[PDB]
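To start, the structure itself, in structure tokens.
Residue numbers run from 1 in the order of the sequence given. These values consider heavy atoms only, across backbone and side chains, with no hydrogens, waters or symmetry-generated copies.
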Amino acid sequence: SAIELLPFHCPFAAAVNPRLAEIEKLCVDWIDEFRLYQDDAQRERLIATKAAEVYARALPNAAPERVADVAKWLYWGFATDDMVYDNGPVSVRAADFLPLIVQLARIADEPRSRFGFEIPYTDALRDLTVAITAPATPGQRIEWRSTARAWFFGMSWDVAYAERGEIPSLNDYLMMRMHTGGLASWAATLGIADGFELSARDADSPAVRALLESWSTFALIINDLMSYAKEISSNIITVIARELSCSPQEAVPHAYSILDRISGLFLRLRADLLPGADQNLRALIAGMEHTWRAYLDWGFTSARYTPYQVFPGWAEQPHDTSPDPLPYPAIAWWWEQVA
């Protein structure tokens, strides 16, 4: 059932790499080099995702060659997504998905690994893995490997619920959405492209883990809200509708309440951490700010989610201003980290 989106609140200005044209050209030439499409129509649709633009908005100050390198990860993701999930009327079975997805996780870890059967665009996954990771630091490569594996594991969970034709509880959705959306992998690629890397102390610190998780969650809730109109099983709208036994339209104000309470917590943790933040944590927080705006500015102009959904506009203030923890025990601990 169709919904009406509410305006979005974002206290950060739009930003874009001033060499986007060059970034886009490098990516299109790479798309053609590895033929990440079966026909001209698929080629046009892949280019129309504007994966280069969303990365360029997240990385306005990064070297365009490195923005292009990490954008290949998202173009590959879109090309492989548009193939693997369009593979028959019948839902993909987790038991069929898992043996393929661990092979893709392995190639992200070590592209020299090869298998007796490989899906199309696996050569492209090898190429982008080397392009992204070869110039990176050892620590950045370790982050790339762990966050890629976490995303592939996350995908397996979405496939499990699609196979069962079931909707997860809101608590279970709020735990797993950060994993299924690969925002840890996104953050790892921002580090590689922009040239930053958290200390072990910062990366492990519960305040920074809460910052990363709250940011990951609300960013992917924005993704769900932008993708709903086009989708019409694990969308925030469908999850809340089932949780509260209400209509998808009745779910909308609840979705924006959760969005603004999680965004609100992110801003409190950001305010706590920025004064004492070293150059690396400052760079990550800048990347997080630019990603928030990037998803909104690109999400409503990209063909990836569009028209299906008109931009509902900008909100003067958040839809919910409560500082109280969300009553979801998977993520409630975040609020313990506010100083």
Side-chain angles (χ1 to χ4, degrees), residues 3-10 12 14 48-58 70-71 73-78 80-82 85 147 150-152 154-155 157-159 161-162 167-168 170 172-190 212-241 248 251-252 254-263 266 287-312 314-315 319 331:
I3 66 175
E4 175 165 343
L5 290 188
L6 296 173
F8 289 97
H9 172 256
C10 185
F12 302 114
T49 66
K50 295 296 181 187
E53 181 191 334
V54 66
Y55 259 118
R57 286 185 178 281
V70 295
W73 179 225
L74 187 52
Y75 282 113
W76 173 83
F78 288 150
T80 303
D81 185 80
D82 290 358
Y85 290 121
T147 60
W151 189 13
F152 287 124
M155 291 171 203
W157 185 87
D158 273 346
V159 168
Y161 273 100
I167 303 156
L170 184 47
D172 284 322
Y173 165 101
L174 286 173
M175 192 274 274
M176 276 305 289
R177 184 51 175 130
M178 63 186 86
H179 295 288
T180 70
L183 254 277
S185 176
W186 183 265
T189 62
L190 297 189
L212 273 161
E213 290 196 7
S214 60
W215 168 74
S216 296
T217 302
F218 88 69
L220 286 164
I221 286 173
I222 293 169
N223 176 122
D224 282 10
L225 288 172
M226 294 190 308
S227 70
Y228 182 82
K230 176 157 186 165
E231 275 171 12
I232 68 165
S233 155
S234 286
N235 191 291
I236 189 73
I237 293 298
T238 303
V239 166
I240 289 171
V252 167
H254 292 286
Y256 277 82
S257 176
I258 292 169
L259 171 53
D260 284 337
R261 287 178 70 177
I262 297 176
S263 295
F266 163 77
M288 290 168 155
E289 294 170 18
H290 295 316
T291 298
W292 187 352
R293 270 307 293 246
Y295 286 11
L296 289 170
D297 289 325
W298 154 93
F300 285 93
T301 60
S302 167
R304 186 62 185 172
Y305 314 130
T306 78
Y308 299 109
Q309 188 57 60
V310 171
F311 182 63
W314 298 105
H319 298 64
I331 59 154

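- At least one side-chain heavy atom of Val54 sits under 4.5 Å from a side-chain heavy atom of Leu74.
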Exercise for the section: Using the side chain to side chain contact (heavy atoms under 4.5 Å, CB included) rule, take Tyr256 and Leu225 through it: C-alpha gap first, then chi angles, then the decisive distance, then the call. Expected result: CA-CA 9 Å; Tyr256 277 82; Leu225 288 172; 3.8 Å; yes

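- The nearest pair of heavy atoms linking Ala229 to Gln309 is CB-OE1, 3.6 Å.
- No donor-acceptor distance shorter than 3.5 angstrom exists from the side chain of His319 to the backbone of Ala255, with no hydrogens or angles considered.
- Note that OH of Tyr161 is 9.5 Å distant from CE of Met176, once rounded to the nearest 0.5 Å.
- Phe12 is linked by a ring-ring contact (aromatic ring centres under 6.0 Å, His included) to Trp292, counting only residues two or more places apart in sequence or in another chain.
- When atom types are taken as modelled, the side chain of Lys230 and the backbone of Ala303 share a donor-acceptor pair closer than 3.5 angstrom.
- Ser214 OG to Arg261 CZ: the interatomic distance, rounded to the nearest 0.5 Å, is 13.5 Å.
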Exercise for the section: Please test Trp186 against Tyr55 for ring pair (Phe, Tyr, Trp, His ring centres under 6.0 Å), starting from the C-alpha separation and ending with a verdict. Expected result: CA-CA 9 Å; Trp186 183 265; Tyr55 259 118; 4.0 Å; yes

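- In this structure, the side chain of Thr306 does not engage the main chain of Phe300 through any donor-acceptor pair within 3.5 Å.
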Problem - Residue pair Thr301, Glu53: steps toward the side chain to side chain contact (heavy atoms under 4.5 Å, CB included) verdict - result: CA-CA 10 Å; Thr301 60; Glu53 181 191 334; 4.1 Å; yes

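- Evaluation of the side chain to side chain contact (heavy atoms under 4.5 Å, CB included) rule for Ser227 yields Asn223, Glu231, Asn235, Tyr305 as partners, not counting sequence neighbours.
- Neither side chain, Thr189 nor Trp73, offers a donor N or O lying under 3.5 Å from an acceptor on the other.
- Among pairs with a residue in residues 290-299, those fulfilling salt bridge (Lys or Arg N to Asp or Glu O under 4.0 Å) read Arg293-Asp297, at least two apart in sequence or across chains.
- Residues that satisfy the side-chain hydrogen bond (donor to acceptor under 3.5 Å, both in side chains) test with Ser233, not counting sequence neighbours, are absent from this structure.
- Applying the salt bridge (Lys or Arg N to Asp or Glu O under 4.0 Å) definition to pairs two or more places apart or across chains, those involving residues 216-226 are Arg177-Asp224.
- Counting all heavy atoms, side chain and backbone alike, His290 lies closest to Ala58 at CB-O, 3.5 Å.
- Side chain of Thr238 to backbone of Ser234: no donor-acceptor contact under 3.5 angstrom is found.
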Practice task
Would you sort out whether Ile221 and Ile262 count as a side chain to side chain contact (heavy atoms under 4.5 Å, CB included), showing the intermediate values?
Solution key: CA-CA 10 Å; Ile221 286 173; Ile262 297 176; 4.2 Å; yes

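- Distance check: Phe218 CZ to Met178 CE gives 12.5 Å after rounding to the nearest 0.5 Å.
- For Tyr228 and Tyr308, the ring centers sit 6.0 Å or farther from each other.
- Counting heavy atoms from C-beta on, the side chains of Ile240 and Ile258 come closer than 4.5 Å.
- Nearest heavy atoms, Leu183 versus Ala219: CD1-CB, 4.3 Å.
- Considering all non-hydrogen atoms of both residues, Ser216 and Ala184 come closest at OG-N, 4.5 Å.
- Closest approach of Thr291 to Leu190, counting heavy atoms only: OG1-CD1, 3.6 Å.
- Rounding to the nearest 0.5 Å places OG1 of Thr180 at 10.5 Å from CE of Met175.
- Between the CG atom in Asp82 and the CZ atom in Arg304 there is a gap of 4.5 Å [rounded to 0.5 Å].
- For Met155, the side chain to side chain contact (heavy atoms under 4.5 Å, CB included) partners two or more places apart in sequence, or in a different chain, are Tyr85, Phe97, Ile101, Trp151, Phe152.
- Ring geometry, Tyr295 versus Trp298: the interplanar angle falls from 30° to 60°, so the pair is classed tilted.
- Rounded to the nearest 0.5 Å, atoms CG (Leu220) and CG (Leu259) are 11.5 Å apart.
- In terms of heavy-atom proximity, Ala251 sits nearest to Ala241 at CB-N, 4.0 Å.
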